[PDB]
Ligand SMILES: [Ca+2]
Ligand SMILES: [Ca+2]
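Residue numbers (the deposited numbering): 178 to 694.
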């Protein structure tokens with residue numbers, strides 16, 4: 178019974194219409210062929226599959242370098258007084274970020290120190306809080322970092338948590354923190370809100386202290402049109418829907434306006450639903466690919482369900498001119514969205530290079546709808562993580578994918594190894610308009626790599642940005658927890674190969690499918 182638009186694409190695909198089932202015909206007849214972008218540039222079903230295939234090929238342009246496992250240590254500053262138990266413990270440290278210049282993104286020099294903010298917590302506990310660390314500016318030793326303690330103090334609980342964001346210097350050399358306030362009092366849901374506070378520090382004989390936290394307030398927690406609200410999520414969640422309102426990255430443009438680029442899901446502008454399975458725009462391949470993808474999605478309940486709930490977004494908003502008490506001045510449509518394709522894209526980050534804006538983000542591909550693609554990544558590598566990336570001619574402008582699909586970095590070792598990494602976060606490099614330093618955390622949380630193997634700071638490595646919108650991983654590598662690249666920072670001892678990327682025993686260890694599935 179095909180209608181004529183469907184007829185059209187079946188023929189172009191080289192498909193014999195007489196081979197189609199009633200259900201296949203009915204599905205193709207529902208297909209909406211509109212070409213209008215409703216929610217920014219999309220990671221299409223085809224882009225995602227291409228990202229996965231690239232990860233599977235283990236292409237040298239994009240793979241995370243191998244790290245020499247034997248060199249890897251827990252960060253000494255991650256042994257510290259815990260925010261919740263008030264007792265000194267060895268903590269997992271994961272998502273971390275330096276205090277940056279709000280304009281250039283460079284690691285800031287604060288009175289001769291570098292400053293970092295980090296999520297830490299006790300392995301295997303629900304313990305999500307942020308801590309302030311310092312080292313001498315340009316110092317290259319993991320072990321020279323010191324932990325000031327939890328920004329929001331001791332006697333904390335799981336009822337009110339802090340998740341990731343960003344941080345910059347204010348005019349008076351106070352720090353403006355952007356973070357995620359999480360309230361779990363409504364039946365332990367992770368009700369996430371973008372929050373901000375001003376930090377006042379003191380410097381005394383090589384000792385940095387947190388003197389005061391001021392102006393702590395909620396900036397934004399979603400509107401309902403551009404970005405999903407908690408109430409919206411709660412109204413329809415029977416357990417298949419993610420909730421995301423986090424990882425706010427602050428950045429100031431040439432004209433002096435501050436923006437937040439952040440992780441969320443779309444709202445009613447272009448909302449999740451079964452209807453997204455029937456939006457042609459979302460597929461992004463040729464006719465054969467799109468149709469094959471439609472039929473695959475409808476024939477597997479897990480893929481159909483995931484596609485029905487997928488609507489990750491990278492959002493943007495403009496702030497007012499009050500440095501110390503930022504409030505939303507304007508909301509916009511997402512820079513990127515992934516309706517039908519993924520329900521999690523994290524740590525969005527913008528780096529200004531030359532006259533361009535590069536938008537990066539990390540994602541676990543097993544948050545995607547295409548089970549085949551991410552399962553195959555799991556079989557190839559033992560993990561499914563990636564950094565993706567896009568470029569625009571202006572901060573709010575239209576972002577276009579790098580390396581065709583958006584792929585930039587792909588997982589290279591199993592999620593349960595010591596040298597596994599996640600939360601790729603690129604930092605500019607002084608004097609270079611075509612390189613960023615890629616930082617990440619190493620060793621997945623909660624002891625999945627073994628007793629005493631805490632999440633720690635990875636060795637960092639350079640990534641080259643080419644003028645034709647491609648990227649190239651470079652073999653240049655630092656010590657663990659280096660935020661600042663210079664000639665002095667390279668350490669060849671950290672470089673691994675497939676063999677030395679594993680500690681003894683680790684090659685022969687089963688996968689942890691609870692973690693990567
Ligand atoms: Ca969703
Ligand atoms: Ca360095």
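Note that CB positions come from ideal geometry on N, CA and C, so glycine has one too.
Checklist entry - If you draw a straight line from the C-alpha of residue 572 to the C-alpha of residue 534, how long is it? => result 6 Å
Checklist entry - In whole angstroms, what separates the C-alpha of residue 509 from that of residue 436? => result 11 Å
Item to check | Whether residue 390 touches residue 372 by CB criterion (7 Å) | outcome: no
Item to check | Separation of residue 656 from residue 686, as counted between CA atoms | outcome: 27 Å
Checklist entry - Excluding five sequence neighbours on each side, which residues of the same chain lie with their C-beta closer than 8 Å to the C-beta of residue 400? => result 406, 444 and 508
Item to check | 3-residue-minimum beta strand (DSSP E) runs that sit fully inside the segment 607-646, ordered along the chain | outcome: 612-619 and 636-642
Item to check | Contact set for residue 327: own chain, Cβ-Cβ below 6 Å, skip 5 residues either direction | outcome: 260, 306 and 308
Checklist entry - Are residue 605 and residue 528 closer than 7 Å when you measure CB to CB? => result yes
Item to check | Under the three-state DSSP convention, the category residue 323 falls into | outcome: strand
Item to check | Contact test: residue 661 Cβ vs ligand 2 heavy atom, cutoff 6 Å | outcome: yes
Checklist entry - Ordered along the chain, which non-local residues of its own chain (more than five positions away) have a Cβ less than 7 Å from that of residue 332? => result 263
Item to check | Three-state class that DSSP yields for residue 468 in the structure shown | outcome: helix
Checklist entry - Between residue 631 and residue 251, is the Cβ-Cβ spacing less than 7 Å? => result yes
Checklist entry - Around ligand 1, what residues have a beta-carbon under 5 Å from a heavy atom of it, in chain order? => result 418, 442, 449, 486, 488 and 520
Next on the checklist: Is it buried or exposed, residue 424, if we count other Cβ atoms within 10 angstroms and call 16 or more buried?
Outcome noted: buried
Item to check | Whole-number beta carbon distance between residue 392 and residue 501, since they are thought to touch under 8 Å | outcome: 5 Å
Next on the checklist: Am I right that residue 482 and residue 417 are in contact with their C-beta atoms under 8 Å? What's the rounded C-beta distance?
Outcome noted: 6 Å
Item to check | Through-space distance from residue 232 to residue 359, alpha-carbon basis | outcome: 33 Å
Item to check | residue 453 versus 475, 402, 433 and 466, residue with shortest Cα-Cα distance | outcome: 475
Checklist entry - Quick check: the segment 277-285 against the segment 342-356, are there 3 or more CB pairs under 8 Å? => result yes
Checklist entry - Residues in its own chain within less than 6 Å of residue 312 by CB, not counting five upstream and five downstream? => result 291, 321 and 322
Checklist entry - Any idea what DSSP makes of residue 550, helix, strand or coil? => result helix
Next on the checklist: To the nearest angstrom, how far is the alpha carbon of residue 491 from that of residue 441?
Outcome noted: 6 Å
Item to check | Per DSSP, cross-strand counterpart(s) of residue 358 | outcome: 339 and 370
Checklist entry - In its own chain, which residues sit with a C-beta less than 7 Å from the C-beta of residue 495, not counting the 5 before and 5 after it? => result 434, 436, 506 and 507
Checklist entry - Does at least one heavy atom of ligand 2 sit under 6 Å from the Cβ of residue 317? => result yes
Item to check | residue 189 versus residue 464 - alpha carbon distance | outcome: 7 Å
Next on the checklist: Residues in the same chain with beta-carbon distance under 6 Å from residue 362, minus the five sequence neighbours each way, listed in chain order, please.
Outcome noted: 336
Item to check | Inter-stretch contact (C-beta, 8 Å, three-pair minimum) for the segment 237-250 and the segment 672-692 | outcome: yes
Next on the checklist: Rounding to the nearest angstrom, what Cα-Cα distance links residue 388 and residue 382 in this structure?
Outcome noted: 15 Å
Item to check | beta-carbon residue 666 near ligand 2 non-hydrogen atom, thresh 6 Å | outcome: yes
Checklist entry - Thinking C-alpha only, which one of 310, 512, 543 and 214 is nearest residue 691? => result 543
Checklist entry - By the 10 Å Cβ neighbour count, where 16 or more other Cβ atoms means buried, how is residue 249 classified, buried or exposed? => result buried
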